[PDB]
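First comes the structure, then the notes that go with it.
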Amino acid sequence: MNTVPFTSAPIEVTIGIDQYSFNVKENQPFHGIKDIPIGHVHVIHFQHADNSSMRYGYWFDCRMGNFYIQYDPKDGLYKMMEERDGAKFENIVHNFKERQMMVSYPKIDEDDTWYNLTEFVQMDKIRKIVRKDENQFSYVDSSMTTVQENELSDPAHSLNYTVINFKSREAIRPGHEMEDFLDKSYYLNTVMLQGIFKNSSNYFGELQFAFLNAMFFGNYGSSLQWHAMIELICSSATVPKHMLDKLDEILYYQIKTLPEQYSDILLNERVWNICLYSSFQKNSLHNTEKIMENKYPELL
Amino acid sequence: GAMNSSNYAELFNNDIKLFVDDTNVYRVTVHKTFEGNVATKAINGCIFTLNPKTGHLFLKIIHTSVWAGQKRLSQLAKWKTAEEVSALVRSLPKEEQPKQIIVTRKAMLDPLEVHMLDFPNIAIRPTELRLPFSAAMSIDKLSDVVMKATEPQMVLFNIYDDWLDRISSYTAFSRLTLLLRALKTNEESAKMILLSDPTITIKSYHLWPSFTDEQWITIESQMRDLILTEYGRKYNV
Ligand SMILES: C[C@@](N)(CO)c1cccc(O)c1
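Each protein sequence line maps, in turn, to chains X and S. Residues in the first sequence are numbered consecutively from 169, following my numbering. Residues in the second sequence are numbered consecutively from 170, following my numbering.
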């Protein structure tokens with residue numbers, strides 16, 4: 169179990185760690201989060217009490233270093249940093265743990281939610297989507313645009329998701345126009361899986377990361393990417409059976425975790441009705457269709 | 170964006186553009202089978218591709234053999250249309266290729282866009298106008314070449330005959346759309362109007378009769394009467 173200490177909490181803020189969140193008052197004696205499960209990526213995210221504009225946060229994996237949070241009064245945000253002095257960090261964490269100044273990562277033993285949401289998400293792949301090579305952790309916020317959004321403006325601050333475009337030469341083989349547009353199996357299996365992602369695990373990892381950025385930061389380009397990656401599978405007549413079974417599990421847990429009051433902006437009516445009721449895979453997502461119909465029948 | 174009454178003179182500027190109408194590509198008769206079920210039999214169709222500024226009509230004849238052994242023919246017809254339009258554009262010299270293609274039905278947008286990916290600078294546009302180009306097969310010479318075809322064929326016409334010698338493209342298009350709307354609303358009456366006087370003939374190299382300027386005004390007035398009437402006979406007014 170690992171720890172992300174905080175130097176202090178000078179401004180009132182709602183702090184998220186994965187799917188949990190707690191409120192910290194201005195200058196409250198708060199010094200971080202302990203008992204963080206090892207083996208998973210994690211996200212720690214912030215919404216200031218004064219300016220609910222810009223949710224922002226950091227993806228990290230405690231196996232990759234010792235990270236802590238300090239408030240920067242010049243840039244006006246809580247920053248993640250890496251501590252290179254491992255003896256200083258152990259001493260800092262122990263002192264605060266002794267003074268009971270840390271919240272405990274509040275995982276129920278029965279509860280596999282975070283695993284199920286991050287099963288295929290790897291820090292190394294996150295760091296390729298979010299390019300800031302000098303840090304082991306990745307910053308994301310509500311406003312960052314995607315590479316595909318920039319084509320339709322600061323590149324260093326972009327989300328470099330894999331570009332998916334159904335009306336593009338990459339997606340459409342000359343002479344198979346109708347075939348490839350109506351059945352995207354070529355584009356899914358050859359172009360994306362064999363060519364770009366290499367295996368379905370990396371595809372699912374990017375899909376899961378896009379959803380999590382959509383949910384936690386309200387990041388619109390991430391939501392676009394998540395739906396595009398779902399639609400590409402559902403619009404393929406030929407998909408490996410293990411992938412369809414895994415997609416049903418992935419989407420089930422995503423829909424289960426989605427805040428009900430955000431379903432209006434986080435779910436695209438067209439994509440979901442097409443995927444569940446018209447696509448080739450309309451009969452392959454039993455668990456996902458069942459939770460969608462019981463939790464969000466209005467959208468459908 | 171979409172083509173409508175607001176931006177109507179755009180059709181007659183000097184940017185090359187084509188209308189594409191796919192209505193008459195997939196044509197069937199519906200009939201009973203010996204067992205009393207219903208079946209279709211295809212008949213020859215055509216793509217109607219028109220330059221509204223010049224009157225040049227690229228009439229691609231769609232022979233029934235295209236459909237042999239195929240499924241979902243109404244969907245295939247849209248993609249066949251887009252394939253043939255794309256092939257036409259590629260066959261034209263660069264300086265004759267259109268800058269815009271306007272489809273008369275929105276369901277042609279995605280098929281044509283996908284077939285024209287190689288041409289990113291050619292805009293594919295819908296229209297809010299309800300153009301009467303389906304009535305093209307009420308023009309006798311056009312119907313005759315489509316029905317006689319024994320194989321795929323492209324036939325070139327000028328749908329304005331020689332009218333542009335005396336009138337502008339705007340006026341020619343307005344005359345064409347009036348004639349076609351008339352033929353669409355009441356083919357028999359419209360055709361009687363056009364041929365009633367035996368002394369006005371259709372030249373061998375033309376589609377419509379050789380009316381004088383004065384006779385065209387009379388004809389046009391008769392077509393407008395027809396359309397307003399039928400719009401009564403229809404809505405009882
Ligand atoms: C305050 C300070 N920057 C130095 O002790 C700090 C706080 C928490 C964890 C650290 O590794 C370092």
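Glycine included, C-beta positions come from ideal geometry on N, C-alpha and C.
Taking non-hydrogen atoms of ligand 1 into account, the C-beta of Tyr-430 of chain X is found less than 7 angstroms away from none of them.
Apart from sequence neighbours up to five positions away, no residue of its chain approaches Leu-380 of chain X with a beta-carbon distance below 6 angstroms. Annotation for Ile-294 of chain X indicates a beta carbon at 7 angstroms or more from all heavy atoms of ligand 1. The DSSP-derived three-state label of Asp-280 of chain X is coil.
Rounded to whole angstroms, the Cβ separation of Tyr-246 of chain X and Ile-185 of chain X is 12 angstroms, and the two are not in contact under 8 angstroms. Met-172 of chain S sits close to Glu-297 of chain S, with the two beta carbons spaced by under 8 angstroms. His-225 of chain S: not part of any alpha helix (DSSP H); member of the beta strand (DSSP E) spanning 225-231, first to last residue. Contact between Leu-467 of chain X and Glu-437 of chain X holds, since their C-beta atoms are separated by about 5 angstroms, short of 8 angstroms. As computed with DSSP, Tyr-224 of chain X is found in a beta bridge with X:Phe-214, X:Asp-309. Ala-256 of chain S: member of the alpha helix (DSSP H) spanning 242-260, first to last residue. In this structure, S:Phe-302 is the residue among S:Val-199, S:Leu-286, S:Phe-302 with its C-alpha nearest to the C-alpha of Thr-192 of chain S. Distances from the alpha-carbon of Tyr-239 of chain X to those of X:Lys-424, X:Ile-183, X:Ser-220, X:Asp-322 put X:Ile-183 closest.
Assigned with DSSP and collapsed to three states, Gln-304 of chain X falls in coil, not helix or strand.
In this structure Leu-400 of chain X is in contact with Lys-352 of chain X, their Cβ atoms being roughly 6 angstroms apart against a cut-off of 8 angstroms.
The beta-carbon distance between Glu-417 of chain X and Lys-293 of chain X, rounded to whole angstroms, is 19 angstroms. This is too long to meet the 8 angstroms contact definition. Setting aside the 5 residues that flank it on each side, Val-197 of chain S is surrounded in the same chain by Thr-209, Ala-211, each with a C-beta closer than 6 angstroms to its C-beta; the list follows chain order.
Short of 8 angstroms from the beta carbon of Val-207 of chain S, and not among the five residues preceding or following it, lie these beta carbons of its own chain, in chain order: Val-199, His-200, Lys-201. Rounded to the nearest angstrom, the Cβ distance from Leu-395 of chain S to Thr-346 of chain S is 14 angstroms, too far for a contact under 8 angstroms.
Residue burial is scored here from C-beta neighbours: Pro-221 of chain S has at least 16 other C-beta atoms within 10 angstroms and is therefore classed as buried. Counting along the chain, the unbroken alpha helix (DSSP H) around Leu-350 of chain X starts and ends at 345-350. Distance from the CA atom of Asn-284 of chain X to the CA atom of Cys-402 of chain X, rounded to whole angstroms, is 21 angstroms.
For the region 179-203 of chain S, no residue has a beta-carbon sitting nearer than 9 angstroms to a beta-carbon of chain X.
Counting the other Cβ atoms within 10 Å of the Cβ of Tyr-445 of chain X gives fewer than 16, which makes it exposed.
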